[PDB]
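Visitor: So I've got this file, protein-v2.pdb, and it contains PDB, N, CA and C atoms:
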ATOM      1  N   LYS A 205      96.953  91.277 110.975  1.00  0.00           N
ATOM      2  CA  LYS A 205      98.361  90.751 111.000  1.00  0.00           C
ATOM      3  C   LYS A 205      99.008  90.646 109.619  1.00  0.00           C
ATOM      4  N   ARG A 206      98.231  90.944 108.567  1.00  0.00           N
ATOM      5  CA  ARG A 206      98.678  90.764 107.167  1.00  0.00           C
ATOM      6  C   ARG A 206      99.050  92.070 106.471  1.00  0.00           C
ATOM      7  N   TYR A 207     100.139  91.988 105.719  1.00  0.00           N
ATOM      8  CA  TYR A 207     100.632  93.087 104.937  1.00  0.00           C
ATOM      9  C   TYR A 207     100.860  92.639 103.495  1.00  0.00           C
ATOM     10  N   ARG A 208     100.933  93.590 102.576  1.00  0.00           N
ATOM     11  CA  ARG A 208     101.276  93.307 101.191  1.00  0.00           C
ATOM     12  C   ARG A 208     102.507  94.090 100.800  1.00  0.00           C
ATOM     13  N   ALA A 209     103.431  93.424 100.133  1.00  0.00           N
ATOM     14  CA  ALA A 209     104.621  94.095  99.634  1.00  0.00           C
ATOM     15  C   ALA A 209     104.208  94.980  98.470  1.00  0.00           C
ATOM     16  N   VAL A 210     104.685  96.219  98.513  1.00  0.00           N
ATOM     17  CA  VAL A 210     104.450  97.137  97.413  1.00  0.00           C
ATOM     18  C   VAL A 210     105.654  97.307  96.482  1.00  0.00           C
ATOM     19  N   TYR A 211     106.831  96.863  96.923  1.00  0.00           N
ATOM     20  CA  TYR A 211     108.058  96.854  96.081  1.00  0.00           C
ATOM     21  C   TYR A 211     108.808  95.556  96.313  1.00  0.00           C
ATOM     22  N   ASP A 212     109.600  95.146  95.342  1.00  0.00           N
ATOM     23  CA  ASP A 212     110.590  94.092  95.584  1.00  0.00           C
ATOM     24  C   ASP A 212     111.608  94.502  96.653  1.00  0.00           C
ATOM     25  N   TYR A 213     112.051  93.535  97.444  1.00  0.00           N
ATOM     26  CA  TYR A 213     113.159  93.775  98.375  1.00  0.00           C
ATOM     27  C   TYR A 213     114.054  92.563  98.424  1.00  0.00           C
ATOM     28  N   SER A 214     115.354  92.828  98.374  1.00  0.00           N
ATOM     29  CA  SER A 214     116.375  91.799  98.465  1.00  0.00           C
ATOM     30  C   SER A 214     117.048  91.873  99.822  1.00  0.00           C
ATOM     31  N   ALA A 215     116.959  90.797 100.597  1.00  0.00           N
ATOM     32  CA  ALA A 215     117.589  90.750 101.904  1.00  0.00           C
ATOM     33  C   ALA A 215     119.080  91.125 101.837  1.00  0.00           C
ATOM     34  N   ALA A 216     119.468  92.002 102.744  1.00  0.00           N
ATOM     35  CA  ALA A 216     120.852  92.453 102.838  1.00  0.00           C
ATOM     36  C   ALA A 216     121.720  91.418 103.534  1.00  0.00           C
ATOM     37  N   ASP A 217     121.114  90.544 104.321  1.00  0.00           N
ATOM     38  CA  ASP A 217     121.808  89.644 105.208  1.00  0.00           C
ATOM     39  C   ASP A 217     120.913  88.493 105.614  1.00  0.00           C
ATOM     40  N   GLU A 218     121.390  87.655 106.506  1.00  0.00           N
ATOM     41  CA  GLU A 218     120.702  86.424 106.869  1.00  0.00           C
ATOM     42  C   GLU A 218     119.461  86.711 107.664  1.00  0.00           C
ATOM     43  N   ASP A 219     119.432  87.777 108.442  1.00  0.00           N
ATOM     44  CA  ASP A 219     118.254  88.002 109.295  1.00  0.00           C
ATOM     45  C   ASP A 219     117.064  88.676 108.591  1.00  0.00           C
ATOM     46  N   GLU A 220     117.297  89.274 107.430  1.00  0.00           N
ATOM     47  CA  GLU A 220     116.227  89.846 106.614  1.00  0.00           C
ATOM     48  C   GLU A 220     115.620  88.794 105.689  1.00  0.00           C
ATOM     49  N   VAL A 221     114.499  89.178 105.067  1.00  0.00           N
ATOM     50  CA  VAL A 221     113.758  88.371 104.083  1.00  0.00           C
ATOM     51  C   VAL A 221     113.747  89.073 102.759  1.00  0.00           C
ATOM     52  N   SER A 222     113.579  88.295 101.704  1.00  0.00           N
ATOM     53  CA  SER A 222     113.438  88.825 100.351  1.00  0.00           C
ATOM     54  C   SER A 222     111.998  88.597  99.946  1.00  0.00           C
ATOM     55  N   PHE A 223     111.495  89.458  99.076  1.00  0.00           N
ATOM     56  CA  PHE A 223     110.120  89.357  98.615  1.00  0.00           C
ATOM     57  C   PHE A 223     109.949  90.173  97.348  1.00  0.00           C
ATOM     58  N   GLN A 224     108.823  89.916  96.694  1.00  0.00           N
ATOM     59  CA  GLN A 224     108.444  90.608  95.477  1.00  0.00           C
ATOM     60  C   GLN A 224     107.188  91.444  95.716  1.00  0.00           C
ATOM     61  N   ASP A 225     107.059  92.491  94.909  1.00  0.00           N
ATOM     62  CA  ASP A 225     105.852  93.303  94.849  1.00  0.00           C
ATOM     63  C   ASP A 225     104.663  92.385  94.733  1.00  0.00           C
ATOM     64  N   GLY A 226     103.687  92.591  95.573  1.00  0.00           N
ATOM     65  CA  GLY A 226     102.476  91.754  95.565  1.00  0.00           C
ATOM     66  C   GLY A 226     102.462  90.580  96.565  1.00  0.00           C
ATOM     67  N   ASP A 227     103.597  90.217  97.140  1.00  0.00           N
ATOM     68  CA  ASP A 227     103.662  89.148  98.116  1.00  0.00           C
ATOM     69  C   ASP A 227     102.946  89.536  99.373  1.00  0.00           C
ATOM     70  N   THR A 228     102.317  88.554  99.989  1.00  0.00           N
ATOM     71  CA  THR A 228     101.663  88.715 101.272  1.00  0.00           C
ATOM     72  C   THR A 228     102.620  88.304 102.366  1.00  0.00           C
ATOM     73  N   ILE A 229     102.673  89.124 103.383  1.00  0.00           N
ATOM     74  CA  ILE A 229     103.514  88.908 104.554  1.00  0.00           C
ATOM     75  C   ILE A 229     102.531  88.697 105.710  1.00  0.00           C
ATOM     76  N   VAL A 230     102.703  87.585 106.416  1.00  0.00           N
ATOM     77  CA  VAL A 230     101.797  87.242 107.503  1.00  0.00           C
ATOM     78  C   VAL A 230     102.525  87.102 108.838  1.00  0.00           C
ATOM     79  N   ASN A 231     101.730  87.067 109.898  1.00  0.00           N
ATOM     80  CA  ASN A 231     102.244  86.967 111.256  1.00  0.00           C
ATOM     81  C   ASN A 231     103.222  88.070 111.574  1.00  0.00           C
ATOM     82  N   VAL A 232     102.892  89.276 111.122  1.00  0.00           N
ATOM     83  CA  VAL A 232     103.808  90.391 111.259  1.00  0.00           C
ATOM     84  C   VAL A 232     103.807  90.985 112.643  1.00  0.00           C
ATOM     85  N   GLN A 233     104.993  91.071 113.273  1.00  0.00           N
ATOM     86  CA  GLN A 233     105.223  91.786 114.537  1.00  0.00           C
ATOM     87  C   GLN A 233     106.153  92.984 114.240  1.00  0.00           C
ATOM     88  N   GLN A 234     105.899  94.126 114.869  1.00  0.00           N
ATOM     89  CA  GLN A 234     106.717  95.331 114.716  1.00  0.00           C
ATOM     90  C   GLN A 234     107.934  95.241 115.596  1.00  0.00           C
ATOM     91  N   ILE A 235     109.098  95.543 115.048  1.00  0.00           N
ATOM     92  CA  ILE A 235     110.361  95.545 115.801  1.00  0.00           C
ATOM     93  C   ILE A 235     110.737  96.937 116.200  1.00  0.00           C
ATOM     94  N   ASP A 236     110.796  97.851 115.248  1.00  0.00           N
ATOM     95  CA  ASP A 236     110.969  99.251 115.575  1.00  0.00           C
ATOM     96  C   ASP A 236     110.358 100.107 114.505  1.00  0.00           C
ATOM     97  N   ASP A 237     110.662 101.407 114.523  1.00  0.00           N
ATOM     98  CA  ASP A 237     110.097 102.334 113.543  1.00  0.00           C
ATOM     99  C   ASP A 237     110.355 101.937 112.077  1.00  0.00           C
ATOM    100  N   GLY A 238     111.484 101.305 111.809  1.00  0.00           N
ATOM    101  CA  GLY A 238     111.847 100.945 110.440  1.00  0.00           C
ATOM    102  C   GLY A 238     111.481  99.541 110.005  1.00  0.00           C
ATOM    103  N   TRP A 239     111.172  98.661 110.962  1.00  0.00           N
ATOM    104  CA  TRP A 239     111.371  97.220 110.748  1.00  0.00           C
ATOM    105  C   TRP A 239     110.266  96.389 111.355  1.00  0.00           C
ATOM    106  N   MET A 240     109.839  95.381 110.605  1.00  0.00           N
ATOM    107  CA  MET A 240     108.892  94.386 111.080  1.00  0.00           C
ATOM    108  C   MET A 240     109.515  93.009 110.912  1.00  0.00           C
ATOM    109  N   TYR A 241     108.908  92.029 111.563  1.00  0.00           N
ATOM    110  CA  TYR A 241     109.315  90.627 111.473  1.00  0.00           C
ATOM    111  C   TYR A 241     108.103  89.861 111.042  1.00  0.00           C
ATOM    112  N   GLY A 242     108.243  89.000 110.065  1.00  0.00           N
ATOM    113  CA  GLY A 242     107.132  88.250 109.559  1.00  0.00           C
ATOM    114  C   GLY A 242     107.543  87.250 108.506  1.00  0.00           C
ATOM    115  N   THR A 243     106.553  86.604 107.898  1.00  0.00           N
ATOM    116  CA  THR A 243     106.831  85.540 106.958  1.00  0.00           C
ATOM    117  C   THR A 243     106.281  85.901 105.588  1.00  0.00           C
ATOM    118  N   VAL A 244     107.126  85.744 104.573  1.00  0.00           N
ATOM    119  CA  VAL A 244     106.705  85.937 103.185  1.00  0.00           C
ATOM    120  C   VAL A 244     106.007  84.617 102.819  1.00  0.00           C
ATOM    121  N   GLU A 245     104.683  84.618 102.660  1.00  0.00           N
ATOM    122  CA  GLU A 245     103.962  83.359 102.501  1.00  0.00           C
ATOM    123  C   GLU A 245     104.506  82.541 101.312  1.00  0.00           C
ATOM    124  N   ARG A 246     104.641  83.195 100.161  1.00  0.00           N
ATOM    125  CA  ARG A 246     104.963  82.461  98.928  1.00  0.00           C
ATOM    126  C   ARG A 246     106.291  81.712  98.984  1.00  0.00           C
ATOM    127  N   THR A 247     107.272  82.230  99.697  1.00  0.00           N
ATOM    128  CA  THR A 247     108.554  81.558  99.792  1.00  0.00           C
ATOM    129  C   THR A 247     108.799  80.849 101.115  1.00  0.00           C
ATOM    130  N   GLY A 248     107.998  81.130 102.146  1.00  0.00           N
ATOM    131  CA  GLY A 248     108.283  80.601 103.502  1.00  0.00           C
ATOM    132  C   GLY A 248     109.431  81.290 104.239  1.00  0.00           C
ATOM    133  N   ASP A 249     109.905  82.426 103.742  1.00  0.00           N
ATOM    134  CA  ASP A 249     111.064  83.162 104.298  1.00  0.00           C
ATOM    135  C   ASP A 249     110.562  83.973 105.508  1.00  0.00           C
ATOM    136  N   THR A 250     111.175  83.788 106.682  1.00  0.00           N
ATOM    137  CA  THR A 250     110.778  84.538 107.870  1.00  0.00           C
ATOM    138  C   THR A 250     111.941  85.352 108.333  1.00  0.00           C
ATOM    139  N   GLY A 251     111.681  86.592 108.737  1.00  0.00           N
ATOM    140  CA  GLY A 251     112.780  87.447 109.159  1.00  0.00           C
ATOM    141  C   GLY A 251     112.381  88.891 109.154  1.00  0.00           C
ATOM    142  N   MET A 252     113.395  89.742 109.174  1.00  0.00           N
ATOM    143  CA  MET A 252     113.157  91.187 109.264  1.00  0.00           C
ATOM    144  C   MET A 252     112.863  91.796 107.886  1.00  0.00           C
ATOM    145  N   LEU A 253     111.926  92.714 107.833  1.00  0.00           N
ATOM    146  CA  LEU A 253     111.596  93.390 106.589  1.00  0.00           C
ATOM    147  C   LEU A 253     111.383  94.884 106.840  1.00  0.00           C
ATOM    148  N   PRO A 254     111.759  95.726 105.843  1.00  0.00           N
ATOM    149  CA  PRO A 254     111.632  97.152 106.004  1.00  0.00           C
ATOM    150  C   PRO A 254     110.196  97.600 105.847  1.00  0.00           C
ATOM    151  N   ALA A 255     109.709  98.370 106.816  1.00  0.00           N
ATOM    152  CA  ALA A 255     108.304  98.718 106.915  1.00  0.00           C
ATOM    153  C   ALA A 255     107.809  99.553 105.753  1.00  0.00           C
ATOM    154  N   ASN A 256     108.694 100.345 105.162  1.00  0.00           N
ATOM    155  CA  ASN A 256     108.305 101.205 104.052  1.00  0.00           C
ATOM    156  C   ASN A 256     107.990 100.452 102.771  1.00  0.00           C
ATOM    157  N   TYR A 257     108.370  99.179 102.720  1.00  0.00           N
ATOM    158  CA  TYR A 257     108.179  98.346 101.539  1.00  0.00           C
ATOM    159  C   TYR A 257     106.859  97.579 101.549  1.00  0.00           C
ATOM    160  N   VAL A 258     106.021  97.736 102.574  1.00  0.00           N
ATOM    161  CA  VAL A 258     104.781  96.964 102.667  1.00  0.00           C
ATOM    162  C   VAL A 258     103.682  97.889 103.126  1.00  0.00           C
ATOM    163  N   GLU A 259     102.452  97.420 102.982  1.00  0.00           N
ATOM    164  CA  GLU A 259     101.291  98.156 103.455  1.00  0.00           C
ATOM    165  C   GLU A 259     100.324  97.199 104.092  1.00  0.00           C
ATOM    166  N   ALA A 260      99.644  97.630 105.143  1.00  0.00           N
ATOM    167  CA  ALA A 260      98.664  96.789 105.801  1.00  0.00           C
ATOM    168  C   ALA A 260      97.503  96.570 104.855  1.00  0.00           C
ATOM    169  N   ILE A 261      97.025  95.328 104.843  1.00  0.00           N
ATOM    170  CA  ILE A 261      95.877  94.908 104.047  1.00  0.00           C
ATOM    171  C   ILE A 261      94.617  95.009 104.878  1.00  0.00           C
TER     172      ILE A 261
END
Transcribe the structure of this file into structure tokens.
Guide:
Amino acid sequence: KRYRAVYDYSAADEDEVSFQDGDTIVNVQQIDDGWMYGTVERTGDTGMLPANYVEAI
């Protein structure tokens, strides 16, 4: 269920999350081909994140 961010990402809107390279994303569920939903542990931010910006741990 855990992923690691490989690049920084800045949320475009309220439903996305922001994160930094190296952040762990947990409780990840897949939404579609482009997008997952999960929580950036370090900030507590939960929401949509682009799948290309993370990798499964």
Visitor: Using the chain letters and numbers from this file, what does the PyMOL selection byres ((chain A and resi 237-252) around 8) select? Give the answer as a PyMOL selection string.
Guide: chain A and resi 215+218-224+227-236+253-257
Visitor: As a list in words, which residues of chain A does DSSP assign to strand (DSSP E)?
Guide: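 The strand (DSSP E) subset of chain A is residues 207, 208, 209, 228, 229, 230, 231, 232, 233, 234, 235, 236, 239, 240, 241, 242, 243, 244, 249, 250, 251, 252, 253, 254, 258, 259 and 260 of chain A.
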Visitor: What does the structure give for the distance between CA of residue 225 (chain A) and CA of residue 206 (chain A), in Å to one decimal?
Guide: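 Between CA of residue 225 (chain A) and CA of residue 206 (chain A) the gap works out to 14.5 Å.
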Visitor: Counting only N, CA and C atoms, which residues come within 6.5 Å of (98.5, 98.8, 104.2), with the point read in the file's coordinates, and could you list them as a ChimeraX atom specification?
Guide: /A:207-208,258-261
Visitor: Separation of atom C of residue 213 (chain A) and atom C of residue 226 (chain A), in Å?
Guide: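 A separation of 11.9 Å between them.
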Visitor: Assuming 6 Å of padding per side, give the centre and edge lengths of the axis-aligned box around every listed atom of region 247-257 of chain A, in Å to one decimal and as lines of an AutoDock Vina configuration file.
Guide:
center_x = 110.1
center_y = 90.9
center_z = 104.5
size_x = 18.5
size_y = 32.6
size_z = 21.6
